[PDB]
Amino acid sequence: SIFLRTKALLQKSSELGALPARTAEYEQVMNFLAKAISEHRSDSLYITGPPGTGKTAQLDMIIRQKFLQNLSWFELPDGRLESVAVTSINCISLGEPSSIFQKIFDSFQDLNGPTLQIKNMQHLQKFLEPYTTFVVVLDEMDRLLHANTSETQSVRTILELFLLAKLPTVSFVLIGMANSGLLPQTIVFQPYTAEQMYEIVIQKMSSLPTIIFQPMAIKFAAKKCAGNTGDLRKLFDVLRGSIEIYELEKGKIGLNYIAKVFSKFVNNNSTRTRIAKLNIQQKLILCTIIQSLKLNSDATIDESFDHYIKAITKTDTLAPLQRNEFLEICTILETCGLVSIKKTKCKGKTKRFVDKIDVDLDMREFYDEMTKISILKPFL
Amino acid sequence: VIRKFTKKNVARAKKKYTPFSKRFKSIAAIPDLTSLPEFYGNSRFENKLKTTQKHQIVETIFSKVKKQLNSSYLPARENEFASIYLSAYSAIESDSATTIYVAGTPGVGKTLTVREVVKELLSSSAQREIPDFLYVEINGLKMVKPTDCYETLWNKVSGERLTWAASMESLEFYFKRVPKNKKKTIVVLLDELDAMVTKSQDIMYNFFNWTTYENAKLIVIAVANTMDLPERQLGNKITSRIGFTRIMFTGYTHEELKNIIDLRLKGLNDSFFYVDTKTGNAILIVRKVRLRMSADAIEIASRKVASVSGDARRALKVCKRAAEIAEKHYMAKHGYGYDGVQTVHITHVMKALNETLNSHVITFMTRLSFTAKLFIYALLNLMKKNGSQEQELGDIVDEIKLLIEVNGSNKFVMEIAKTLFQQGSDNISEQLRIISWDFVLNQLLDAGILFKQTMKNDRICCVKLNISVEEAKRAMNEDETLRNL
Ligand SMILES: Nc1ncnc2c1ncn2[C@@H]1O[C@H](COP(=O)(O)OP(=O)(O)OP(=O)(O)O)[C@@H](O)[C@H]1O
Ligand SMILES: Nc1ncnc2c1ncn2[C@@H]1O[C@H](COP(=O)(O)OP(=O)(O)OP(=O)(O)O)[C@@H](O)[C@H]1O
Ligand SMILES: [Mg+2]
Ligand SMILES: [Mg+2]
């Protein structure tokens, strides 16, 4: 079926030597590779961008299409067919940052030969002398800092990797992907625009015989996904959810299904609609909570109940409530989504944990809804 | 050799350290893992809790209602069910890797809906229309360590038992490098996702980044308690990998709660039992007794529970509590033991809803001794006088002494003063604290009525009311002596 295959192509794990909107970055990475392998010179690349801009996909395409274990040939524009050994390592999925040299050894030495124990970059530096250009691609190298310690020991691993990819008479290059003169060459992957997103979607769907999308719908989805930091993953979720809603509610699918996606998965709840679903007593207790937080702003449930009792005896509207009924109406306001009760330490001379009221509603439409009720304005 | 300290209770599990990347010498050396005798799921404790039943227990007219209203036994969740089922079915049939994010408040049927989805998916796989898959359930609050999920999932996949780090590179190797034809699809339910959140956030990144791998065939269904969890606690990478689509389980309306309770009360409401009048045991079809639980009671309980939480657990528990109140009154009236119409009325439902609302704190302060009430009265007097929420204990001592020595002409004070300062006894000198001063101070500290700071000078140490001031005032002027003065 065309719907199943189209959703299969629009997954965030889907695959497709240049990416459709990454031609310039591809030529930058291949001229770095030419000046690395052809010169037999070690060098360090540092690729940076927001999420979803296609760094990992571009390096995966480069490794798959254009390339001891994992031995292969690299062809130059001259065409001398140099011998390379390429590997890619995801840094977060390692238990410690100190063992990655070992995993580089575990990516390169054959299982039939002896298995030396690599402790640091000195042992790997000894290992790479008798050789064949070694290519590593470290993904999320930014997770090679240490969250503890300070400045000195945090950079302990990346500086020793940078020295190993810069010392003479080795063939160890270092491509590092991270998220936003021995310094590495910096490439910044840019967030995509709407037209780049449209061209990527048409290129990925060009394998399909029939496009189930009107092109204006793809353009609308791409231009809504083209914000300040807009990624291709969000566009894939939006389009996949468009097929999801289209075949849950039942031809080329319309622009209206994109709006249905952006309305279904954005709960655009208004404080207008929240206040309008309450009764007079929940609105009154919301007003007393607002006034108590206005005058105290580090207030407990019990101090807010005290303020409610003082206000309700000053004004004499209906009948006063007991503390547990007050708390139950506070949880009703949690269920509606206007009041939150957390549990925090005090900052007095007797610091213990207490229940605390926070408000997540904006004042203007709150006062506008409470203005229209005449029996509530003593509490405003 | 003499040790500086000893560890004599070390319990270490039999977990190997070599990960799955070093099992075989090559990628081509890996066989089809679906044929291995240990991979993909290929209890001994259930008989330990067996005994010999030598009695005959009595199940009364309301026993079947209370047993049937439990949480162990899908009307109102059919759009969420359709969304989760269609996404997971498309991910299984195309051999894809997919994250499904589900969030909601407690008891709104998240775990029930995901479990019903995976049961229908396994039944659909049993009819050979989608490929076979392995279902893994990981609950973050059922783990000792957060990294034990690495221990759990890999043990569900391979049948090996490794330490958590080696399990993590084993799972990374399995999801990225092993081809699809040698693998089986895996559906993982991550439940209580916030419990698996650490400072490094490595488990979150790994579990949602494996769903971005081409070869993984991994479906992660993550259950959250809030929808804003990836923005509040997780980074932009994990938020990008989780995705824009997020399924929210709203709290149940009172129609939905009433439909749930009526679904559990089908076959029992408006039915007849054969009831023995000698013992009390009742049999579903000696007297023929009709059992009803009224729909107005269910609708009152459903409306209250739907406004407070929309929680199916609370609606079922309120109905079960009302039935237990009715059944307790029934056993009291007929003298039945634990070896024409019986109704769970609306009054039992109101009692069940009011028993968690009745504010025992005021009742507790009313039923205290005179010294504890005098302490609370003195503290309230100081908060009225100097307007502070924290009062020093020496000030409370001095104002208790003033309250005794000013209104002496009260007859109760003339009766109580010798007890308060000499314990009714000559040869006991006059005391600086009252009798049972530390006793009532520690008693009010145990109840949570009071907070005391941690100082070693007993006079400058501060005391604060942890309870609201108005309930302390109404408890104090309930007392006839303290409201007189
Ligand atoms: N130019 C492109 N053409 C086709 N698919 C693309 C392109 N760029 C990205 N994608 C797809 O978008 C997704 C994200 O790509 P990728 O993993 O490279 O992101 P990233 O920049 O590495 O971000 P992160 O920091 O989140 O890892 C993948 O599904 C990838 O196939
Ligand atoms: N739609 C429903 N129909 C019938 N019973 C339901 C329904 N939803 C919930 N229940 C009942 O409520 C119980 C608790 O629901 P469930 O475990 O699915 O909650 P949850 O939303 O996952 O909550 P928590 O966040 O506390 O884990 C179920 O086991 C079942 O007895
Ligand atoms: Mg990446
Ligand atoms: Mg649950």
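Residues numbered from 1 in each chain as written, not as in the entry; some residues may be left out. Chains lettered and ligands numbered in written order. Part of a larger assembly, values for the part shown. Heavy atoms only, no water.

Per the deposited record, the coordinates in this entry were obtained by cryo-EM to a resolution of 2.7 Å.

The PDB entry lists chain B under the name Origin recognition complex subunit 1, with Saccharomyces cerevisiae given as the organism. In the PDB, the structure is listed with the title "S. cerevisiae ORC bound to 84 bp ARS1 DNA and Cdc6 (state 1) with docked Orc6 N-terminal domain". The Function comment attached to chain B in UniProt states, word for word, "Component of the origin recognition complex (ORC) that binds origins of replication. It has a role in both chromosomal replication and mating type transcriptional silencing. Binds to the ARS consensus sequence (ACS) of origins of replication." According to the UniProt record, the Subcellular location comment for chain B reads "Nucleus". (UniProt positions renumbered as here; feature names shortened; annotations may be inferred.)

The name the PDB entry gives chain A is Cell division control protein 6, with Saccharomyces cerevisiae as the organism. As its UniProt record puts it under Subunit, chain A is described as follows: "Associates with the ORC complex and the MCM2-7 helicase complex. Interacts with CDC4, CDC28, DIA2, ORC1, and TOM1."

K.L.:
Which parts of the structure should I look at to understand the environment of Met248 of chain B?
P.N.:
Mapped onto the elements, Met248 of chain B comes out in strand β5 (residues 247-249). Note: C-alpha distance between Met248 of chain B and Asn225 of chain B (23 residues apart in sequence) is 9.5 Å. (Helix = DSSP H or I, 4+ residues; strand = E, 2+ residues; numbered from the N terminus.)

K.L.:
Whenever I open this one, the site of ligand 1 confuses me. Can you help?
P.N.:
Near ligand 1 there are 20 residues, and of these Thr56, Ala57, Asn179 and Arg233 of chain A together with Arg241 of chain B occur at the shortest range. Lying at an intersection of chains, ligand 1 is approached by residues of chains A and B. Separating an oxygen atom of ligand 1 from a backbone N or O atom of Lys12 of chain A is a distance of 3.1 Å. At 2.9 Å, a side-chain N or O of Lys55 of chain A approaches an oxygen atom of ligand 1. Starting from 630 Å² of accessible surface for ligand 1 in isolation, the protein chains cover 95%. Of all the secondary-structure elements, those providing two or more residues to the shell around ligand 1 are α3 (55-66), α8 (194-205) and α10 (232-248) of chain A together with α8 (236-242) of chain B. Grouping the amino acids of the shell around ligand 1 by side-chain chemistry returns 8 nonpolar, 6 polar and 6 charged. (Near = heavy atom within 4 Å. Polar contact = N/O pair within 3.5 Å; in protein donor to acceptor, adjacent residues only side chain to side chain. Areas by Shrake-Rupley, 256 points an atom, 1.4 Å probe, with all protein chains shown as cover. Nonpolar A, V, L, I, M, F, W, Y, C, P; charged D, E, K, R; others polar.)

K.L.:
Looking at this structure, I do not really get unusual backbone geometry. What am I missing?
P.N.:
Even without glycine at this site, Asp316 of chain A takes up a positive phi of about 60 degrees. Relative to the elements of secondary structure, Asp316 of chain A occurs in the loop between α14 (301-315) and α15 (323-336). In this structure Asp316 of chain A comes out as exposed when scored by relative accessible area, which is 62%. Notably, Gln201 of chain B is not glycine yet its phi reads approximately 60 degrees, a positive angle. Structurally, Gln201 of chain B is set in the loop between β3 (185-191) and α6 (202-209). (Buried < 20%, exposed > 50% of the residue type's maximum accessible area, 1.4 Å probe, protein only.)

K.L.:
Help me understand the pairing of strand β1 (residues 44-49) of chain A in this model?
P.N.:
Along any regular strand, the residues point their side chains to alternate faces of the sheet. Residues and elements named next belong to chain A. Within β1, 5 of the 6 residues are buried, which leaves it mostly tucked inside the rest of the structure. Where β1 meets strand β5 (residues 172-179), 6 bridges bridge the pair, whose relative direction is parallel. Along β5, the bridge assignment pairs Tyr46 with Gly176. Here β1 pairs with strand β6 (residues 185-188) via 4 bridges, running parallel. By the bridge assignment for β6, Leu45 is matched with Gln185. (Pairing = 2+ DSSP bridges.)

K.L.:
Help me understand the interface of chain A and chain B, please; the structure alone is not making it clear to me.
P.N.:
The accessible area lost on association of the parts is a frequent measure of interface size. Chain A puts 53 residues into the contact, and the matching count from chain B is 59 residues. In total, chain A and chain B occlude about 5,000 Å² of area from one another, counting both sides; carbon and sulfur atoms represent 50% of this. Here chain A is connected to chain B by 5 salt bridges. Ionic pairing is found between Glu140 of chain A and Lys237 of chain B, a salt bridge with its closest N-O pair at 3.7 Å. At the surface where chain A touches chain B, the tally comes to 17 residue pairs in polar contact. If you list the elements that add at least two residues to the side of chain A that touches chain B, you get α1 (2-9), α10, α11 (256-264), α14, α15 and β8 (353-359) of chain A. Of the residues in the side of chain A that touches chain B, the class split is 17 nonpolar, 14 polar and 22 charged. (Contact = heavy atoms within 4.5 Å. Buried area = accessible area lost by both parts, 1.4 Å probe. Salt bridge = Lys/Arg side-chain N within 4 Å of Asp/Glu carboxyl O.)

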